[PDB]
Amino acid sequence: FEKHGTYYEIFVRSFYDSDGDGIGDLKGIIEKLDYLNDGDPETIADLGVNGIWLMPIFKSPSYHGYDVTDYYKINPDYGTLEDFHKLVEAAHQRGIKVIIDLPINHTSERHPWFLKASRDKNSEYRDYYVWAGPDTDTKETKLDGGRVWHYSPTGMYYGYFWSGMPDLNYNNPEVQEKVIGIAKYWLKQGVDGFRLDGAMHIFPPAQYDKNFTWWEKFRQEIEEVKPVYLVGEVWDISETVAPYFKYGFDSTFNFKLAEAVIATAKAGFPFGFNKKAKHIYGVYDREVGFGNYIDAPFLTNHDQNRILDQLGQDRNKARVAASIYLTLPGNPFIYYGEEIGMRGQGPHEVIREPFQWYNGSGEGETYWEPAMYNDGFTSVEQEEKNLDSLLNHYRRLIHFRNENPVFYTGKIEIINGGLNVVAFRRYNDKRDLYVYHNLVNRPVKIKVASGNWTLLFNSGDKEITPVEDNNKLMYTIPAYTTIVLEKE
Ligand SMILES: [Ca+2]
Ligand SMILES: [Ca+2]
Numbered sequence: 003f004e005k006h007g008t009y010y011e012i013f014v015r016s017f018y019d020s021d022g023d024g025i026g027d028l029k030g031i032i033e034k035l036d037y038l039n040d041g042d043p044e045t046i047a048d049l050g051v052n053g054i055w056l057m058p059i060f061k062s063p064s065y066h067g068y069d070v071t072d073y074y075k076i077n078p079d080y081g082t083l084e085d086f087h088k089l090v091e092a093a094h095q096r097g098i099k100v101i102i103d104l105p106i107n108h109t110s111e112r113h114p115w116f117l118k119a120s121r122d123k124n125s126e127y128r129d130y131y132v133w134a135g136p137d138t139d140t141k142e143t144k145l146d147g148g149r150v151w152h153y154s155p156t157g158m159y160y161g162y163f164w165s166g167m168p169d170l171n172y173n174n175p176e177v178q179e180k181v182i183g184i185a186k187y188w189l190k191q192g193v194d195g196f197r198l199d200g201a202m203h204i205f206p207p208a209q210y211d212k213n214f215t216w217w218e219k220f221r222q223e224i225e226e227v228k229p230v231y232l233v234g235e236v237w238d239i240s241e242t243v244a245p246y247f248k249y250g251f252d253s254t255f256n257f258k259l260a261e262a263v264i265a266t267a268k269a270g271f272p273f274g275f276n277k278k279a280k281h282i283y284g285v286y287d288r289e290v291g292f293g294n295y296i297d298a299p300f301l302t303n304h305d306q307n308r309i310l311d312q313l314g315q316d317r318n319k320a321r322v323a324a325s326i327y328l329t330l331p332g333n334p335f336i337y338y339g340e341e342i343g344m345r346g347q348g349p350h351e352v353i354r355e356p357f358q359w360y361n362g363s364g365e366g367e368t369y370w371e372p373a374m375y376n377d378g379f380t381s382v383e384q385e386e387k388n389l390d391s392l393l394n395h396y397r398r399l400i401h402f403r404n405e406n407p408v409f410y411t412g413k414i415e416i417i418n419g420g421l422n423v424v425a426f427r428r429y430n431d432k433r434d435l436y437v438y439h440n441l442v443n444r445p446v447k448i449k450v451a452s453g454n455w456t457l458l459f460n461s462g463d464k465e466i467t468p469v470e471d472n473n474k475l476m477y478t479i480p481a482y483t484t485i486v487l488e489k490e
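When the count follows mature numbering (1 follows the signal peptide of the UniProt record, and there is no 0), it moves up by one through the sequence shown with no breaks and lands on 490 for the last residue.
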């Protein structure tokens, strides 16, 4: 069970519509699988990703699905269980692992369990949720609203995010059993793992360690079915994220490093990235140990303003940002649309706009909401016209990564590549690669000690030939370009 690979995050509703109702669905993903990975490592006609993560696919009243009403039923909007099985089979045929979002931290207020527990204090499901006693304080800020305690005819219940999302009571052994059963069910349907929210607010501050006890039990029990891949979201500093690598998770999303990559690509100076990367990998190596964690680097996801927007809609800077994280250790995660330069900021609905397949309209393109910001802005059709497009840039980076696995499992050492360059070595006992990323709109020069060096990768379409003088090999890197050298 190979856990290393580049992942692609898909919002089913916005990917591909196979039956003409404007809503993206599972059969649609099947129809477009070759775009992600055609199963042939010899071609670069596909992105080359080896895993896909589907945002919530269970029954739910919302367009996003994070508030589940039935964990054993596929949202009709996305298709059927049969479609899901055909997708898992088609993906495996191509070497693509499939993981799905598992919203088990809370349920929808419309979930039967809650409806029953909320309409009878003596209900059999009463203890599936958390019911108040003292203080209905309410801590506030963030982006949503406020209050963690809410009214419900038979008492007030706990709901960290929103009254529509009551939190499940993990202090109840039955809740833990039920959720594990749900996970096992989907694994038996063919899934390879899950994407999970690691923070569980039902545990009072005094029971923080119960979080790790829970995830360890969860992983141990579900792997009784088969080996799995688990990636968790823990939106906090690296010191807080680190232990999760030890108690059940293979990977965790590197939010802090994402912020640094974005800031550095925007500014054109490597300081921020250099300092943050050294700190974070240092924390992970100290608390977990190199080789005992699979980081999940990324730029932006389904809850954040798209990378292009964060870079002032500068496609060149977005290109550099892509080269940087796609050459980092671990399993990189690509947010759908990122590879063709989609834009979107503000409302989560905008960030989750329909994926653009065509310049204009065409069969399969979703339209459940207006494509206000991307219609006519970018598309796969347009990106396919030139071998040096952003889409082809992503294809080249991912395939290069797959052809040189040291990028997944090797160590990393930040080095000084100059005032406007992010540089680092990716290495193991057999490969010693030097990676250089030009962050600005002008050529930059880098020098290495005279010796046996080989140019392995050039992200641009220009001829890059080094010159040797006074025992130093000098390379002039064109604007926003990345190169990889091998030292022997
Ligand atoms: Ca459809
Ligand atoms: Ca291929």
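All residues carry an ideal CB built from backbone N, CA and C; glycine is no exception.
{"Item": "Taking DSSP's pairing of strands, which residues face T456 in a bridge?", "Value": "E488"}
{"Item": "If you draw a straight line from the alpha carbon of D311 to that of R345, how long is it in whole angstroms?", "Value": "6 Å"}
{"Item": "Who pairs with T254 in a beta bridge, going by DSSP?", "Value": "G234"}
{"Item": "Straight-line CA distance for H395 to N388?", "Value": "10 Å"}
{"Item": "At a cut of 8 Å, does the region 188-207 reach the region 86-102 through at least three beta carbon pairs?", "Value": "yes"}
{"Item": "Using CA coordinates, which residue listed in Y249, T456, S120, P206 is at the minimum distance from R221?", "Value": "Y249"}
{"Item": "According to the Cβ coordinates, are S62 and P356 closer than 8 Å?", "Value": "no"}
{"Item": "List the whole-angstrom C-beta distance separating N52 from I98, where the pair is believed to meet the contact cut-off of C-beta under 8 Å.", "Value": "6 Å"}
{"Item": "Please tell me whether, using a cut-off of 7 Å, the distance from the CB of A92 to the nearest non-hydrogen atom of ligand 2 is below it.", "Value": "no"}
{"Item": "Taking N440 as part of the beta strand (DSSP E), name the residues at either end of that continuous run.", "Value": "434-440"}
{"Item": "Use the C-beta contact count for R121: other C-beta atoms within 10 angstroms, 16 or more gives buried, fewer gives exposed.", "Value": "exposed"}
{"Item": "What three-state label does DSSP hand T109 in the structure shown?", "Value": "coil"}
{"Item": "Does the beta-carbon of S452 have 16 or more other beta-carbons within 10 angstroms, so that it is buried, or is it exposed?", "Value": "exposed"}
{"Item": "Whole angstroms are fine: how far does the CA of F205 sit from the CA of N173?", "Value": "8 Å"}
{"Item": "May I have all residues whose beta carbon comes closer than 5 Å to any heavy atom of ligand 2, sorted in chain order?", "Value": "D40, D42, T45, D48"}
{"Item": "Does the beta carbon of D27 fall short of 7 Å from some heavy atom of ligand 1?", "Value": "yes"}
{"Item": "Does the beta-carbon of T380 have 16 or more other beta-carbons within 10 angstroms, so that it is buried, or is it exposed?", "Value": "buried"}
{"Item": "Is the CB-CB distance between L458 and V423 below 8 Å?", "Value": "no"}
{"Item": "If you draw a straight line from the C-alpha of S154 to the C-alpha of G183, how long is it?", "Value": "28 Å"}
{"Item": "Taking 7 Å as the line, does the beta carbon of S20 fall inside it for any heavy atom of ligand 1?", "Value": "yes"}
{"Item": "Indicate the three-state DSSP secondary structure (helix, strand or coil) for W359 in the structure shown.", "Value": "coil"}
{"Item": "Provide the residue(s) that pair with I12 in DSSP beta bridges, ordered along the chain.", "Value": "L56"}
{"Item": "Which residue marks the beginning of the beta strand (DSSP E) containing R197, and which one marks its end?", "Value": "195-199"}
{"Item": "If you check the beta carbons only, do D19 and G364 fall under 8 Å apart?", "Value": "no"}
{"Item": "Could you tell me whether any non-hydrogen atom of ligand 1 is closer than 7 Å to the CB of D23?", "Value": "yes"}
{"Item": "Consult DSSP for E365 and reduce its assignment to one of helix, strand or coil.", "Value": "coil"}
{"Item": "Could you please give the first and the last residue of the uninterrupted beta strand (DSSP E) stretch that includes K75?", "Value": "72-76"}
{"Item": "Check the C-beta distance from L475 over to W455 and give it rounded, since I have them as a contact under 8 Å.", "Value": "6 Å"}
{"Item": "According to DSSP, which residues form a beta bridge with residue 1?", "Value": "The chain is shown from 3 up to 490; residue 1 falls before or after that span and cannot be answered."}
{"Item": "With a cut-off of 8 Å on the beta carbons, I'd call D297 and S253 a contact; round off their distance for me.", "Value": "7 Å"}
{"Item": "Would you list the one or two residues that DSSP bridges to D85?", "Value": "In the DSSP output, where bridge partners are listed per residue, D85 has none listed."}
{"Item": "Alpha carbons only, please: which of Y231, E261, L259 is nearest the one belonging to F247?", "Value": "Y231"}
{"Item": "Within 10 angstroms of its Cβ, does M167 collect 16 or more other Cβ (buried), or is it exposed?", "Value": "buried"}
{"Item": "Reducing DSSP to helix, strand and coil, say where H304 ends up.", "Value": "coil"}
{"Item": "Quick one: grab the DSSP three-state call for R427.", "Value": "strand"}
{"Item": "Based on the DSSP output, what are the partners of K474 in its beta bridges?", "Value": "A451"}
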